[PDB]
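Have a look at the structure below before the remarks.
Protein chains in written order, with the numbering used here: chain A, 1 to 56; chain B, 1001 to 1032; chain C, 2001 to 2410.
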């Protein structure tokens, strides 16, 4: 009933703050990817939209 | 693993898809 | 097992004949990505060029783009997941799941339920009037198209899952969001461009840069959570100094609970809007937009630009539901996957370890879900170009993909 709320505090204390060195790591890898996907989806969407509308 | 008795090749799937896109592209944007 | 005849009936991409080089896994991934993108450019066939705005909610979770070939994106698949998880997960269905027989059925039964939901959600979608003119034929026609685009997505999913990097559900969600952020920022109607003009006319209409800000905020915030770890000590009480610490990712339960919930919620609004303008407004009452009453009301999410401070009551109740739900799905997930102590043991004498895990795994599970659930809601409160829950899922999806590039780098 409350033993749980306890074990939580335990792990809650084992929370190692992120090394700014690591943060930037994951930050640059993810952001970089979102751009990869994003750029691609843009290269397709924009021109197709341009068209669908110019013809319409 | 699976119980399916019918395995289809990846390229097949891609194909069908391409078919579907082309046919639909025509249907809708065929009007000139 | 009384479904086995059916399972055999369903087609299933061939596992690769032999191993595939990362180079290929990519090319494969690439193609499915591009196909996915092209599919979102084709509208469904409807002699009548028209659609009642859009349910500003179904898309983000679903990787969909309503009014097109992928109008139901991944909805079907996930929705299916929601079910299988509830049933099995809780206990309403017994399954060891460590034995093939079980998985085979489980996995395959989800694969079937998903193919079903394709039309189910397609019917539901058309019914809810995502289109309007219900001419029985054109209506049947659309359902058909709609449903089939999703069936494809189910299979493309499998291709990535066997010949590519990551999964389909993942790729699609990310891909959708990422594209959105980029087109809505640098597209021809790009907020970012709009804002600039205002920075040259001395009349900065914040409303053009605010969302891009949110995106940035939510981003950094979500990345952070993706960096949090738990350091398990290893002070082998042998000699003095023979100490160490094995840090493990904090979001043990992962982010899956966020999709599963956000999905369930979204489904609830679809089904509700459906039962509303059909007959019994059970789950709620909707109007010129969505539901402003009912459970459906209390499961909606206000955002897409900034932080709304009109009805904070909705927020507190919503956040409660989000958190609990996330935890629910969190638990089930950890159970059905293999993140439970019982199983973990085998991998890592038995009960020795097993019982010890049983000491800590459970609390990490609930703590994780709860955390992300919170993180989800706050992300939504802030609002952001992409979705917040979207940027949320995306950040993590992208990352986990990268990791798999490494373990596949070897």
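C-beta: ideal position from N, C-alpha, C; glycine also.
Distance cutoff 8 Å, beta carbons only. Does residue i sit that close to anything in chain C?
i                      : result
residue 39 (chain A)   : yes
residue 1032 (chain B) : no
residue 53 (chain A)   : no
residue 16 (chain A)   : yes
According to the neighbour-count rule (16 or more other Cβ atoms, all chains shown, within 10 Å of its Cβ), is residue i buried or exposed?
i                      : result
residue 2259 (chain C) : buried
residue 2157 (chain C) : buried
residue 2170 (chain C) : buried
residue 2410 (chain C) : exposed
residue 2355 (chain C) : exposed
residue 2278 (chain C) : exposed
residue 2333 (chain C) : buried
residue 2366 (chain C) : buried
residue 2193 (chain C) : exposed
residue 2012 (chain C) : buried
residue 2059 (chain C) : buried
residue 2085 (chain C) : buried
residue 2025 (chain C) : buried
residue 2340 (chain C) : buried
residue 56 (chain A)   : exposed
residue 2239 (chain C) : exposed
residue 2050 (chain C) : exposed
residue 2035 (chain C) : buried
residue 2015 (chain C) : exposed
residue 2111 (chain C) : buried
residue 2197 (chain C) : exposed
residue 2098 (chain C) : exposed
residue 1989 (chain C) : The displayed coordinates of chain C run from 2001 to 2410. Any statement about residue 1989 (chain C) would go beyond what the structure contains.
Are the C-beta of residue i and some C-beta of chain A separated by less than 8 Å?
i                      : result
residue 2179 (chain C) : yes
residue 2033 (chain C) : yes
residue 2041 (chain C) : yes
residue 2270 (chain C) : no
residue 2055 (chain C) : no
residue 2174 (chain C) : yes
residue 2182 (chain C) : yes
residue 2231 (chain C) : yes
residue 2395 (chain C) : yes
residue 2186 (chain C) : yes
Can you confirm whether residue i, when its beta carbon is compared against all beta carbons of chain B, has any partner nearer than 8 Å?
i                      : result
residue 2364 (chain C) : no
residue 2413 (chain C) : Nothing can be reported for residue 2413 (chain C), as the shown portion of chain C is limited to 2001 through 2410.
residue 2107 (chain C) : yes
residue 1992 (chain C) : No statement about residue 1992 (chain C) is possible, as the shown extent of chain C runs from 2001 to 2410 and does not include it.
residue 2007 (chain C) : yes
residue 2113 (chain C) : no
residue 2069 (chain C) : yes
residue 2013 (chain C) : yes
residue 2302 (chain C) : no
residue 2004 (chain C) : yes
residue 2010 (chain C) : yes
residue 2100 (chain C) : yes
residue 2156 (chain C) : yes
residue 2159 (chain C) : yes
Any C-beta of chain F sitting closer than 8 Å to the C-beta of residue i?
i                      : result
residue 1008 (chain B) : Among the protein chains in the structure shown, which are A, B and C, there is no chain F.
In the region 1012-1026 of chain B, which residues sit with their C-beta less than 8 Å from some C-beta in chain C, listed in chain order? 1013, 1014, 1016, 1017, 1018, 1020, 1021, 1024 and 1025
Which whole runs of the alpha helix (DSSP H) in the region 2154-2200 of chain C are 4 residues long or more, in chain order? 2168-2186 and 2191-2198
Count Cβ pairs between the region 2206-2223 of chain C and the region 2384-2397 of chain C that sit closer than 8 Å; are there 3 or more? yes
Between the region 2227-2234 of chain C and the region 18-29 of chain A, are three or more C-beta pairs nearer than 8 Å? yes
Does the region 2148-2155 of chain C come close enough to the region 2069-2082 of chain C that 3 or more CB-CB pairs lie under 8 Å? yes
Mind listing, in chain order, the continuous alpha helix (DSSP H) runs of no fewer than 4 residues lying wholly within the region 2001-2085 of chain C? 2004-2009, 2022-2039, 2058-2062 and 2075-2084
Check whether the region 2124-2132 of chain C and the region 2079-2098 of chain C touch, using three or more Cβ-Cβ pairs below 8 Å as the test. no
Note down, one range per segment and in chain order, each beta strand (DSSP E) of at least 3 residues found wholly within the region 2223-2269 of chain C. 2229-2233 and 2245-2249
Taking 8 Å as the cut-off, does the region 2114-2123 of chain C touch the region 2034-2054 of chain C (at least 3 CB pairs, one atom from each stretch)? no
Residues of the region 2138-2149 of chain C whose Cβ lies closer than 9 Å to any Cβ of chain B, in chain order: 2145, 2148 and 2149
Stretch pair the region 28-45 of chain A + the region 2168-2183 of chain C: three plus CB contacts closer than 8 Å: yes
Using a Cβ-Cβ cut-off of less than 9 Å, list which residues of the region 2239-2269 of chain C approach chain A; keep chain order. 2245, 2247 and 2250
Is the region 2365-2380 of chain C close to the region 2194-2206 of chain C, with three or more CB pairs under 8 Å? no
Count the CB pairs spanning the region 2264-2277 of chain C and the region 2393-2410 of chain C that are closer than 8 Å, and state whether there are at least three. no
Length-filtered (4 minimum) alpha helix (DSSP H) runs lying within the region 2358-2408 of chain C: 2389-2406
Counting pairs of Cβ atoms below 8 Å between the region 2045-2056 of chain C and the region 2099-2112 of chain C, do you hit three or more? no
Which residues, taken in chain order from the region 2215-2227 of chain C, show a beta carbon closer than 8 Å to some beta carbon of chain A? 2219, 2220, 2223, 2224, 2226 and 2227
Cβ contact (3+ pairs, closer than 8 Å) linking the region 2278-2287 of chain C and the region 2305-2313 of chain C: no
Just by C-beta distance, which residues in the region 2328-2361 of chain C are closer than 8 Å to chain A? 2359 and 2360
With contact counted as at least three CB pairs below 8 Å, one residue from each stretch, are the region 1003-1013 of chain B and the region 2060-2067 of chain C in contact? no
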